[PDB]
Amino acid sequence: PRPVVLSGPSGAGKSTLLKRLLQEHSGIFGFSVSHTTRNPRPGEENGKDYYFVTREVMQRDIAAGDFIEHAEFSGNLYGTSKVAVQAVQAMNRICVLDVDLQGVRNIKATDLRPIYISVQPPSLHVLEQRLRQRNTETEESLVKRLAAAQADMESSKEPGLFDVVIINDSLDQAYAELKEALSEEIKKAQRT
């Protein structure tokens, strides 16, 4: 039973598929609650979606060595803390992570030994509409995320970087491809 790392462009639907997975398989998977310096969106709860901390707190923790990995994204800091992964391990659950491309390569350097899945948009055109539908991004921050998306899409074709690439055209189909990709993960977890 290996950890799971979900990545992809902003707005692809990796958080959506993760939420569906975590509700239907609550006893099998446990979400890695990362730290972030950005403000919480409406409907986001501190401790569940993210550990919302200020910039000074994040930098203080980085010096203290609390983070397995950390990176900046659209002028805000994100990080997978050691305590976040150890919390899921203490619950006897498969840790699932939602990081960017920079985190993916950082995790490659660690010993977490995960399975890498890239949730990809059907095309870059529909990604903008997906990002524009949520409206949480201002026009300036939307362009920054859209620009970084193409770099993420290009790197998704790198051989060996991702174990599974899922195109998120149909959400039910994308979730079906997610479960099948985790079939041996769910099997091994239930096999104990």
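Each residue number is its position in the shown sequence, starting from 1. We call the rigid core whatever largest set of C-alpha positions still superposes within 1.5 Å between the two forms.
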### Query
Which of the two stretches, 116-124 or 80-88, moves more in 7 other deposited structures of this protein when the core is held fixed, judged by C-alpha RMS distance?
80-88
### Query
Rigid core superposed, root mean square over structures and residues, which stretch has C-alphas farther from this form in 7 other deposited structures of this protein, 155-163 or 44-52?
44-52
### Query
Comparing 60-68 with 135-143, which stretch shows the greater average C-alpha B-factor in the deposited entry?
135-143
### Message
If you average the CA temperature factors as listed in the entry, which stretch comes out higher, 29-37 or 151-159?
### Response
151-159
### Query
Which one of 118, 74, 81, 92 shows the biggest C-alpha B-factor in the PDB entry?
74
### Query
Ranked by Cα temperature factor within the chain, is residue 164 in the lowest third, the middle third or the highest third?
middle
### Summary
Entry-reported C-alpha B-factor of residue 15 relative to its chain, by third, is lowest
#### Entry: B-factor third for the C-alpha atom of residue 8 within its chain
middle
### Message
Could you place residue 55 in the lowest, middle or highest third of its chain by Cα temperature factor, using the values in the record?
### Response
middle
### Task
Would you mind ranking residue 178 by its C-alpha B-factor against the rest of the chain and naming the third, lowest, middle or highest?
middle
